[PDB]
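Read off the chains here:
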Amino acid sequence: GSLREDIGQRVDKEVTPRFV
Amino acid sequence: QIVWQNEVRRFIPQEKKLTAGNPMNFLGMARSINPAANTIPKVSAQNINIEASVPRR
Amino acid sequence: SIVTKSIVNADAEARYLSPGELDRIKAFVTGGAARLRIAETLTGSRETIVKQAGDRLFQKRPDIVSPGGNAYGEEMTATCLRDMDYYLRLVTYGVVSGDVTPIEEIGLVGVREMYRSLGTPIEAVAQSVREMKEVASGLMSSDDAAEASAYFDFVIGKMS
Amino acid sequence: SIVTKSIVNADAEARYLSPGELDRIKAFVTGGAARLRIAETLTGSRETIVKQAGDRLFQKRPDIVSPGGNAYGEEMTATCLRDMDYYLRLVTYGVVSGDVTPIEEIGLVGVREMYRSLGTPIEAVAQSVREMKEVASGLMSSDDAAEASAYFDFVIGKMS
Amino acid sequence: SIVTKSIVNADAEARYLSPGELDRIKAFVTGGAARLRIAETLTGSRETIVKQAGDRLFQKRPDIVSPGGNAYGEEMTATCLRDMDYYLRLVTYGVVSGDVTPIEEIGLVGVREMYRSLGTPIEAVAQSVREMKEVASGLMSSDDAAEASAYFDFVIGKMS
Amino acid sequence: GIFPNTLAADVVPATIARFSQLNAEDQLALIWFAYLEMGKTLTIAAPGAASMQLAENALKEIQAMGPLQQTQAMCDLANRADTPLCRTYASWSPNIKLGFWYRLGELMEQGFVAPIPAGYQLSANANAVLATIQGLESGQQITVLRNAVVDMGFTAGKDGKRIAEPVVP
Amino acid sequence: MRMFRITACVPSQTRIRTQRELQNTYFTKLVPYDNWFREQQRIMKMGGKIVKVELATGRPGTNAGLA
Amino acid sequence: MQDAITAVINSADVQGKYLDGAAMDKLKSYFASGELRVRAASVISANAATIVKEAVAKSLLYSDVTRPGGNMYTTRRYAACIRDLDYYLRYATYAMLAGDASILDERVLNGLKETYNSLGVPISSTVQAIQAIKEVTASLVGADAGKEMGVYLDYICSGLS
Amino acid sequence: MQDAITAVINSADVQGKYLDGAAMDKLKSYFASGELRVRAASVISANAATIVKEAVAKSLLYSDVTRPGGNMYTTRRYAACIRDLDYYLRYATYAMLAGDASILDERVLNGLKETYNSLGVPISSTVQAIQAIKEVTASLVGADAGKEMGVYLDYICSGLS
Amino acid sequence: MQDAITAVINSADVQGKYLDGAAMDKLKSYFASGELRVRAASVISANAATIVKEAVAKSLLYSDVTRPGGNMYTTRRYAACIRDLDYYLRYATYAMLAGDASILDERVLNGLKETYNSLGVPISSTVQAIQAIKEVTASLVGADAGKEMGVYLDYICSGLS
Amino acid sequence: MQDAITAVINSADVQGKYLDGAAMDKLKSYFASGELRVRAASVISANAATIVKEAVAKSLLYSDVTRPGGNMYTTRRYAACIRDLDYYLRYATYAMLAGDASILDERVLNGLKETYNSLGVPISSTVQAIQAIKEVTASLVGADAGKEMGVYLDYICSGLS
Amino acid sequence: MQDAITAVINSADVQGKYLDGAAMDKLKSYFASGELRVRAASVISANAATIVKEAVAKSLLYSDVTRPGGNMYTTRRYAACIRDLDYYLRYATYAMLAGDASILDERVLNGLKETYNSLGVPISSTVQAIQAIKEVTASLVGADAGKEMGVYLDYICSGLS
Ligand SMILES: *[C@@H](C)[C@H]1/C(=C/c2[nH]c(/C=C3N=C(/C=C4\NC(=O)C(CC)=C4C)C(C)=C\3CCC(=O)O)c(CCC(=O)O)c2C)NC(=O)[C@@H]1C
Ligand SMILES: *[C@@H](C)[C@H]1/C(=C/c2[nH]c(/C=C3N=C(/C=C4\NC(=O)C(CC)=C4C)C(C)=C\3CCC(=O)O)c(CCC(=O)O)c2C)NC(=O)[C@@H]1C
Ligand SMILES: *[C@H](C)[C@H]1/C(=C/c2[nH]c(/C=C3N=C(/C=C4\NC(=O)C(CC)=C4C)C(C)=C\3CCC(=O)O)c(CCC(=O)O)c2C)NC(=O)[C@@H]1C
Ligand SMILES: *[C@H](C)[C@H]1/C(=C/c2[nH]c(/C=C3N=C(/C=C4\NC(=O)C(CC)=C4C)C(C)=C\3CCC(=O)O)c(CCC(=O)O)c2C)NC(=O)[C@@H]1C
Ligand SMILES: *[C@H](C)[C@H]1/C(=C/c2[nH]c(/C=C3N=C(/C=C4\NC(=O)C(CC)=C4C)C(C)=C\3CCC(=O)O)c(CCC(=O)O)c2C)NC(=O)[C@@H]1C
Ligand SMILES: *[C@H](C)[C@H]1/C(=C/c2[nH]c(/C=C3N=C(/C=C4\NC(=O)C(CC)=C4C)C(C)=C\3CCC(=O)O)c(CCC(=O)O)c2C)NC(=O)[C@@H]1C
Ligand SMILES: *[C@H](C)[C@H]1/C(=C/c2[nH]c(/C=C3N=C(/C=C4\NC(=O)C(CC)=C4C)C(C)=C\3CCC(=O)O)c(CCC(=O)O)c2C)NC(=O)[C@@H]1C
Ligand SMILES: *[C@H](C)[C@H]1/C(=C/c2[nH]c(/C=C3N=C(/C=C4\NC(=O)C(CC)=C4C)C(C)=C\3CCC(=O)O)c(CCC(=O)O)c2C)NC(=O)[C@@H]1C
Ligand SMILES: *[C@H](C)[C@H]1/C(=C/c2[nH]c(/C=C3N=C(/C=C4\NC(=O)C(CC)=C4C)C(C)=C\3CCC(=O)O)c(CCC(=O)O)c2C)NC(=O)[C@@H]1C
Ligand SMILES: CC1=C(/C=C/C(C)=C/C=C/C(C)=C/C=C/C=C(C)/C=C/C=C(C)/C=C/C2=C(C)C(=O)CCC2(C)C)C(C)(C)CCC1=O
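Residues numbered from 1 in each chain as written, not as in the entry; some residues may be left out. Chains lettered and ligands numbered in written order. Part of a larger assembly, values for the part shown. Heavy atoms only, no water.

Per the PDB entry, chain H carries the name Allophycocyanin beta chain and comes from Synechocystis sp. PCC 6803 substr. Kazusa. For the record of chain H, the UniProt heading Subunit holds the text "Heterodimer of an alpha and a beta chain." Quoted verbatim from the Subcellular location field of the UniProt record, the comment on chain H reads "Cellular thylakoid membrane". (UniProt positions renumbered as here; feature names shortened; annotations may be inferred.)

The name recorded for chain C in the PDB entry is Allophycocyanin alpha chain, from Synechocystis sp. PCC 6803 substr. Kazusa. If you open the UniProt record of chain C and go to Function, you find "Light-harvesting photosynthetic bile pigment-protein from the phycobiliprotein complex. Allophycocyanin has a maximum absorption at approximately 650 nanometers." Regarding chain C, the UniProt comment filed under Subunit reads as follows: "Heterodimer of an alpha and a beta chain."

And the structure:
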């Protein structure tokens, strides 16, 4: 806990696919 | 004279043996010194006058 | 009072009153009659609440009134109910103010040093106000009882 | 001990012991034989002192052994006599050390928080030590008990 | 446990556990209800085994409790009965664990050095476990007895 | 909680042992008839010394329940049955446990919780134990009562009372 | 031990402080004897004005027994 | 520290996205449980010393821990353990109100294992005391809110063990 | 602070001369009276909590001072008055052990009159409380020691007068 | 190392008492979960290199670390990072099979923080990589055993911090 | 820290036993050599700078250590070395007074070796320096006192080594 | 390690002068003691197994250390302490025949504190055990030779404490 997702990790933008 | 047969029958587990700061050691004491419990004085607060019975000095 | 507490909080940050804080006073002002109504019921039946909860205390804790105790004697029982009369008076100031400060200021700050000097069990005074809560909940509506309990529990928590 | 307390005070000012503090240790060392006599007599009748002083406690403050009291029950009376044996053992450590540090560190620091959580009146434990002093003083000689009672009086003073 | 044995062996080779080791654990886990049942029977009559096997030991081997013996005395006889209570406890741990690792690590490694220092005959303690084997088998079914005796004879075998 | 008296002979642990020998219906009747004798021959209760705030939620749970299920809840306590109430009960100190039983008895006297079946008589073996409890001192009486009541409720590992009592239909 | 009851007024020069600072601007505080030389220097270096100095505890010309 | 509101905001901020339907529903679930959390906290606040009292009584009291040789022997070390459990209960209440265990990692569990090992504090005895808190809190507060408190008290236990 | 010995030393140090026979007589007087000074101090320190409790009871309690309208009504104000008389007893003991009343001027009577006048603390009620302390102490230690203790308790009374 | 069986034996052994019913329930719980643990271990063992593959792709790849200047630029460093995550996954399964985090505090964590500090390995990044393992492992095996795996993977993260 | 008296008390307290015949004998042994320890301390107190002076004079003066390039060349380093020797002599005296080398562990030899290695101070040179103290100390303090002082100074040497 | 003879020569070599008088006096005292120091060693060597037997019986046996929870409970730990007290007896014998505690410095007290604190061995219980050896060896060999052993056995005792 307390650790953010953007500290030492590559963040991929979760977008809905184009077929959806 | 030492008889082993008596102490075989007198086998006590080591974990059941009382330690130094165990309150079970003074349980035998608390039986000899029998404390006298107070008989309850039946007080009714309804009957008590607040203004009068409160000490005045 | 809640209006005073809101000022103190704003002055600590050195800022004006927050729109949320201003609405909080507004909600208190509009519902002022309902909160003041609680004090009226506790004032009107100030006797029978102390007498009943006092009797409840002596059945819940008979040791304090038993010989050797603090409340043992006609005079010592009297001053205990006098103390409960004071604590209820603190609650009536508390439910009017809208804050827990007036209860804290008069008869809750430095209370541990007082009762230790007099040789009074602090846990037993905590039980006396607990019984005063129970009689208050019985002689009032559910909404009023839940409002009063927030101030009663504050006296409980600080005591023990 | 008194050696420990002197050194800590000396280290606080980053200096060697003053001849006043040196005179404190050497006189304690020479007058240590009397201190060991006190500890031997207290140990010798440790089951005699606690039993008698406990009987004095439950007579003076019988509300303790009344319904509502903390030491009410055969198990709870036993725990009280266990507590009284602890403080008597603490006294023997204090007399031997020539200082009240071992009594403080073990059985005085955070005693108010401890007995509060257990629901024990602190003034009643002070009474038990006070009655413990009286029985101990009766066994020992006049001058010997007088300097021995001072360690009891601290335990009373710190709790009450 | 065979779980510990399999992991450490896999840890040694720096590899994941083979399915030929995983099925061994699977069979061990499923057949655990029998092992716990045997252990419950052993702990149920923990005093009964020690008393009976102890009595038969001193009957067969009189020189243990004769003048000049190791267990000759009051407390010396009690310590040997306590030692039997230790090894019976070690057996119960072994039956539960389904392995002879917990018996070994606690009280089987350096037994020869321990009893040499104390001056206790090593074969007489091995006899004492052998007496405990016979009593425990008597208060159990043939299948349960043979399983438990396997742990017993390991303790005998390691000593003598 | 506080250290229980298991076996030490004397007179107090002997009374505790004699309580344990009695079955669920003999135990549950014994504590009720003890409660009836409280104030005159037995000890007066003090629920102020005990933390009765924990049992307060459980007591409101009982008071809300109907007459049949109220006694069934009491049945589970005496039988040490696997019920959520018993798991809550066993997670209290002996002071709370014995205080909880007193509060149940107070509600049965008042008439909120369904009382004892009308015209019940205490067993001859149970009557002998109560007479022994009556004979004991005030400090001894509570010690017996606390130890008698602490064993009740479902505890993980301990399971007994094979005779049992299946309430009243 | 001997102590000084001193009144000092220290104004802000570096930054405008939006919080209430009147308690730390104009104040009357008691300072230990050994600490007064350091305290007086602190007020002087900050750019303050000492109003009044009086020996609250003790007496002038104490050779022995001042602690 | 971050609460349940901040955790949703931070996660949306990291992506660089506006508060979507999934994010709004996570907030609505917290506001639904908000009344349960505040009322629960007030109960714990009122009976703060009472929970710790019945936690030590169940697990710690009348054991080898209390008796000489044990860690919680001296009055100094007893009041230390009382304070510890007072701190543990208070920080569990904070996490219960927040709806996130971020405060527990930041202020409590940050090098708590290394602290307890160095002093010689038994981990198993401490865990049991927090386990004793859980059962006392659940009996006092309720079923749903007692479960909520039980999660963060397990989180303290998991971080300590 | 100054005791009896330090006052003799200081009076010898200002003139710069050694300890003369006239100054030695005051030392002999302190060394003879010191047996009474230590003995009484050990008794007062023993019953320190009970001396205050008894004195407050006969003087301050169940009066107009502790009544609403008085200055000793509020629990904060009550605990402050208990604290004050706890200091008054402690510092009078210090002065009794020292053999000088300069300590009372050095610590207690420094800015005490101005503080009591500003807060509106009754002078008559405080004196009567210390006079109650005086009578309790004198009945405990003795006639000679109680008079000797009573000097410093009257000195602190006159300073507040 | 200690497994769940040995842990409850040692806890009874240190007290010097036989295994009681409450201690026996700890064993029965392990013998109930044992089938779930063995089956979980078989799945992870099969996809040992596959779990790491997805975990590095989710967290570590296309970031700062792999790019020149980072701690995963050179092929030796990258292969060592795979090796490290191969270590973490293998020991998490050991602790899962054991049902205790004793092996992790013995062979994994006890002297890992000091090495990672000295080499210049970012702990904040590797924790996220184990969190990436945790998500892959739970998705492959299941919610029941992935939570069990999750605890021991979280244990490594706690020890690294 | 603990002294010889406290060592006996703490050993009795941890077992929870009253001071037995063996404990009384241990205290009497310390009370036998107590006047010797007090007289020994007063000698070191007087010759505090003198012992340090001669210790440097017999070992460290006109050596490669005090010569340019050495670790005791610069006046700031020389004063720091003198400071260290002043610490070593004082804490040895405390340990001599205490009759226990527990203070030396708590205050001196808790992290002295790590400090000296970080500073790049020759421990070999300091061991020779404290050995130089040992002879100079025993010259002034005596034989039996010199044997006592010799042990604790060797303990500082043992901790550094 | 160094013995007494080489320590005398080293001190003579450092000063760069012949063995004049004071160096000779320490040598002749060593050679005169040597014959009886060999005799004492041979008795200790032969009775090595029996000396430990009585020493453990006096100090360690029938105590909390041997009882469950203690550090001398398990059989492996028992045999380890037996070996340790055999080491303490042997290295005190070594130091007796060397006439210097330098063997105790480099081979015993190199990291005796390092091993004992890490494992969790009670210092006070070990000290009492070596003190028990000291009394046994003094009764077995002689009061004169027991004191000669005593200075090295107390060096380990002070080396632990
Ligand atoms: C019958 C068993 C034989 C016997 C036994 C005997 N043993 C001792 C002393 C000890 N035995 C042990 C052994 C253990 N304690 C443990 O913790 C374990 C591991 C679980 C074992 C196996 C130890 C350590 C002691 C010391 C006792 C203590 O607690 O201090 C004695 C006493 C020896 C003495 O003279 O002091 C005896 C008599 N005696 C026989 O002759 C039987 C064959
Ligand atoms: C009685 C002495 C006490 C005691 C001892 C004890 N020691 C160990 C383990 C070790 N002892 C040593 C020490 C030495 N080995 C050497 O080579 C030397 C120098 C010649 C010494 C002095 C070491 C290194 C170990 C660890 C390795 C080993 O297992 O032998 C234990 C066992 C601790 C454990 O759990 O592993 C014990 C019990 N402890 C007591 O209870 C007595 C007070
Ligand atoms: C009853 C609940 C408990 C109890 C009462 C008790 N109190 C005293 C003494 C005093 N009570 C007070 C306290 C207050 N005055 C205030 O202004 C407030 C706040 C608004 C309170 C609550 C004071 C000042 C006194 C002193 C006496 C006086 O009133 O003048 C006693 C007497 C103590 C004695 O033994 O002398 C008692 C008995 N004691 C219990 O046991 C109950 C739990
Ligand atoms: C008797 C004088 C009074 C009294 C005693 C009483 N105490 C307890 C509970 C405990 N007492 C202690 C305190 C200590 N243990 C220590 O190690 C020390 C320092 C040497 C002290 C002073 C503790 C820790 C306990 C808990 C029990 C345990 O040791 O495991 C009780 C029991 C109350 C309860 O059940 O909570 C009692 C009755 N009570 C009185 O009213 C007497 C005046
Ligand atoms: C403007 C109306 C007039 C004016 C202003 C002026 N003020 C100062 C200095 C200070 N002003 C205050 C007052 C307050 N600070 C507080 O904390 C409060 C209570 C909330 C108030 C009202 C104080 C204490 C200062 C000192 C500086 C500080 O930062 O606290 C000055 C002097 C500025 C300087 O440092 O040179 C001046 C000029 N003077 C005018 O000409 C106007 C009529
Ligand atoms: C009790 C005898 C009467 C009484 C006392 C009273 N005192 C205060 C507050 C303070 N008294 C002092 C004085 C001292 N400071 C010290 O250091 C010492 C010992 C050397 C003393 C004696 C001070 C400075 C305080 C604290 C200020 C504060 O209250 O914050 C009060 C409270 C005042 C108030 O109304 O707030 C009281 C009531 N008054 C009585 O009614 C008794 C007759
Ligand atoms: C092209 C010849 C073939 C090919 C390339 C390919 N590589 C990747 C992924 C990576 N490649 C590397 C390797 C290095 N980077 C370095 O710094 C060094 C040392 C100088 C090497 C050798 C790395 C680290 C990556 C990961 C990307 C990153 O920087 O984070 C891919 C992508 C794989 C994927 O799907 O993720 C590809 C396609 N593949 C082929 O088919 C060609 C034969
Ligand atoms: C001459 C002006 C006065 C004087 C000198 C004197 N000095 C010593 C001893 C030492 N001098 C130094 C000082 C320095 N070393 C440095 O590194 C520096 C800075 C570059 C200086 C100036 C030191 C460290 C020593 C110790 C000797 C050594 O290093 O080998 C003595 C010797 C006294 C003694 O034996 O203790 C003397 C005589 N003395 C006077 O009276 C002159 C006024
Ligand atoms: C003198 C015998 C030899 C010597 C000493 C020396 N040491 C330092 C550096 C330091 N010493 C310490 C260590 C301590 N910390 C503590 O807590 C205590 C008291 C128990 C001690 C002794 C510390 C903290 C320092 C660093 C101080 C600093 O920052 O200067 C030096 C200074 C070296 C330097 O400046 O780099 C010296 C000279 N070294 C010799 O050459 C002598 C043989
Ligand atoms: C003073 C003091 C205290 C102690 C206080 C004390 C001493 C408290 C003790 C209180 C007691 C004795 C409580 C027992 C109550 C029994 C009940 C409610 C059982 C009813 C049984 C029923 C309905 C069963 C009926 C039945 C059914 C239907 C059947 O199925 C068939 C028959 C049967 C009859 C079995 C405290 C602990 C509070 C705190 C400290 C302190 O000092």
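Now that the structure is up, let's keep going.
Q: It is not clear to me how the interface of chain D and chain K should be interpreted in this structure. Could you clarify?
A: By a widespread convention, an interface's size corresponds to the accessible area lost as its parts come together. In this complex, chain D contributes 32 residues to the contact, which on the side of chain K involves 34 residues. Taking both sides of the interface into account, the surface hidden between chain D and chain K amounts to around 3000 Å²; carbon and sulfur atoms contribute 70%. In this structure, the connection of chain D to chain K is made through three salt bridges. Salt-bridge contacts for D13(K) lead to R89(D); the nearest nitrogen and oxygen are separated by 3.5 Å. Taken together, the connections running from chain D to chain K amount to 14 residue pairs in polar contact. Broken down by secondary-structure element, the contributors of at least two residues to the side of chain D that touches chain K are helix 1 (2-12), helix 2 (19-30), helix 3 (33-44), helix 5 (74-97) and helix 6 (101-107) of chain D. When residues in the side of chain D that touches chain K are grouped by element, the largest group, seven residues, is from helix 5 of chain D. (Contact = heavy atoms within 4.5 Å. Buried area = accessible area lost by both parts, 1.4 Å probe. Salt bridge = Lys/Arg side-chain N within 4 Å of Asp/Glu carboxyl O. Polar contact = N/O pair within 3.5 Å; in protein donor to acceptor, adjacent residues only side chain to side chain. Helix = DSSP H or I, 4+ residues; strand = E, 2+ residues; numbered from the N terminus.)

Q: Hey, could you run me through the interface of chain I and chain B in this one?
A: Across the contact, five residues belong to chain I and four residues belong to chain B. Between chain I and chain B lies a buried interface of about 400 Å² when both sides are counted; carbon and sulfur atoms form 45% of it. The largest contributions to the chain I side of the interface with chain B come from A57(I), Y62(I) and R67(I), which together make up 89% of the buried area. Remark: the boundary between chain I and chain B carries zero salt bridges. The interface formed by chain I and chain B holds two residue pairs in polar contact in total. The class makeup of the residues in the side of chain I that touches chain B is three nonpolar, one polar and one charged. (Nonpolar A, V, L, I, M, F, W, Y, C, P; charged D, E, K, R; others polar.)

Q: Honestly, the site of ligand 8 in this entry has me stumped. Any pointers?
A: Residues and elements named next belong to chain K. For ligand 8, the full set of nearby residues is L61, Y62, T66, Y73 and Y78. Measuring from an oxygen atom of ligand 8, one finds a backbone N or O atom of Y62 at 3.1 Å. One nitrogen or oxygen atom from the side chain of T66 is found 2.7 Å from an oxygen atom belonging to ligand 8. In isolation ligand 8 has 910 Å² of accessible area, and contact with the protein removes 31% of it. (Near = heavy atom within 4 Å. Areas by Shrake-Rupley, 256 points an atom, 1.4 Å probe, with all protein chains shown as cover.)

Q: How should the packing of helix 2 (residues 21-46) of chain I against helix 8 (residues 143-160) of chain I be read in this particular structure?
A: Residue and element names in this part refer to chain I. Taken N-terminus to C-terminus, the directions of helix 2 and helix 8 make an angle of 80°; their axes are 10 Å apart at the nearest point. By the angle class used here, helix 2 and helix 8 are roughly perpendicular. Contact residues: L36, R37, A40 and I44 in helix 2; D144, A145, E148, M149 and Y152 in helix 8. Tallied by class, residues from the contact of helix 2 with helix 8 come to six nonpolar, no polar and three charged. (Axes fitted to C-alpha atoms, helices over the stretch in contact; angles between N-to-C directions. Parallel < 35°, antiparallel > 145°, perpendicular 65-115°, else oblique.)

Q: Got a minute to help me understand the site of ligand 6 in this structure?
A: Residue and element names in this part refer to chain I. The full set close to ligand 6 counts 19 residues, and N71, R76, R77, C81 and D84 are the nearest of them. The separation between an oxygen atom of ligand 6 and a polar main-chain atom of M72 is 3.4 Å. A total of 880 Å² of accessible area belongs to ligand 6 in isolation, and the protein chains cover 78% of it. Secondary structure elements with two or more residues in the shell around ligand 6: helix 4 (75-98), helix 5 (102-108) and helix 7 (123-141). No other element matches the nine residues that helix 4 contributes to the shell around ligand 6. In terms of residue class, the shell around ligand 6 is built from 11 nonpolar, three polar and five charged.

Q: Hey, could you run me through the arrangement of the chains in this one?
A: Taking C-alpha atoms only, the smallest gap left between chain A and chain C, which are not in contact, amounts to 27 Å. The two partners chain G and chain H share no contact, and the minimum distance between any of their C-alpha atoms is 26 Å.

Q: Whenever I open this one, unusual backbone geometry confuses me. Can you help?
A: At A14(E), a position not held by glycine, the phi torsion is positive, near 55°. Phi at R80(F) takes a positive value of approximately 60°, unusual for a residue other than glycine. Mapped onto the fold, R80(F) is located in the loop between helix 4 (67-79) and helix 5 (84-89).

Q: How do you make sense of the packing of helix 4 (residues 75-98) of chain L against helix 8 (residues 143-160) of chain L when you look at a structure like this?
A: Helix packing geometry: the angle between the two helix axes and the distance between the axes. Residue and element names in this part refer to chain L. Contact geometry of helix 4 with helix 8 gives a least axis separation of 9 Å together with a crossing angle of 125°. Comparing the axis directions of helix 4 and helix 8 gives the class oblique. The handedness of the crossing between helix 4 and helix 8 is right-handed. When helix 4 is examined against helix 8, the residues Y88, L89, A92, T93, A95 and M96 are found in contact with a partner set consisting of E148, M149, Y152, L153, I156 and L160. Taken together, the residues of the contact of helix 4 with helix 8 break down into 10 nonpolar, one polar and one charged. (Left-handed = near helix turned anticlockwise from the far one by under 90°.)

Q: Hey, could you run me through a nonpolar patch on the surface in this one?
A: All names here are of chain G. Side chains of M1, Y33 and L55 sit close together on the surface and give an oily, nonpolar patch of about 220 Å² of accessible area. You can see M1 is positioned in the segment before strand 1 (3-9). Classification of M1 as partly exposed rests on a relative accessible area of 30%. (Patch = residues over 30% accessible without salt bridge, like charges linked within 9 Å, V, L, I, M, F, W, Y side chains within 5 Å. Buried < 20%, exposed > 50% of the residue type's maximum accessible area, 1.4 Å probe, protein only.)

Q: When you look at the packing of aromatic side chains in this model, what are you seeing that I'm missing?
A: Between two aromatic rings, the relevant description is the distance of the centres plus the angle of the planes. Per the stated rule, a full pass over the model turns up 30 aromatic pairs over all chains. Ring geometry for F28(E) and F31(J): centres 5.9 Å apart, planes at 70°, overall edge-to-face. Of the two residues, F28(E) sits in helix 2 (residues 19-30) while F31(J) sits in helix 2 (residues 21-46), which places them in two different chains. What makes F28(E) buried here is its relative accessible area of 7%. (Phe/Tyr/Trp six-rings, centres within 6.5 Å; stacked < 30°, edge-to-face > 60°.)

Q: Would you explain the nonpolar core in this entry?
A: A general tendency of soluble globular proteins is for nonpolar side chains to be buried together. With 158 residues, the main nonpolar core has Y87(E), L85(J), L104(J) and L85(L) as its most contacted residues. When neighbours within four sequence positions are excluded, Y87(E) is seen to be in contact with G107(E), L108(E), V111(E), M114(E), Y115(E), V125(E), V129(E), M132(E), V155(E) and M159(E). In this structure, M114(D), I62(F), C86(F) and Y89(F) belong to the second largest nonpolar core, which totals 146 residues. (Core = buried A, V, L, I, M, F, W, Y, C linked by side-chain atoms within 4.5 Å.)

Q: What is the right way to read the pattern of salt bridges from this model?
A: Oppositely charged side chains can form a pair if their charged atoms are brought close together. Considering all chains together, one arrives at 69 salt bridges over all chains under this definition. Put simply, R46(E) and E15(B) hold a salt bridge, and the shortest N to O gap is 2.8 Å. Residue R46(E) is located in helix 4 (residues 46-60), and its partner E15(B) is located in the loop between helix 1 (4-9) and helix 2 (29-32); the two belong to separate chains. Here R61(E) and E123(E) are joined by a salt bridge, their closest N and O atoms 2.8 Å apart. Taken as a pair, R61(E) in the loop between helix 4 and helix 5 (75-97) and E123(E) in helix 8 (residues 122-138) lie far apart in primary sequence, 62 residues in all. Overall, the relative accessible area of 40% leaves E123(E) in the partly exposed class. Taken together, the salt bridges that share partners define one network made up of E15(B), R46(E) and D85(E).

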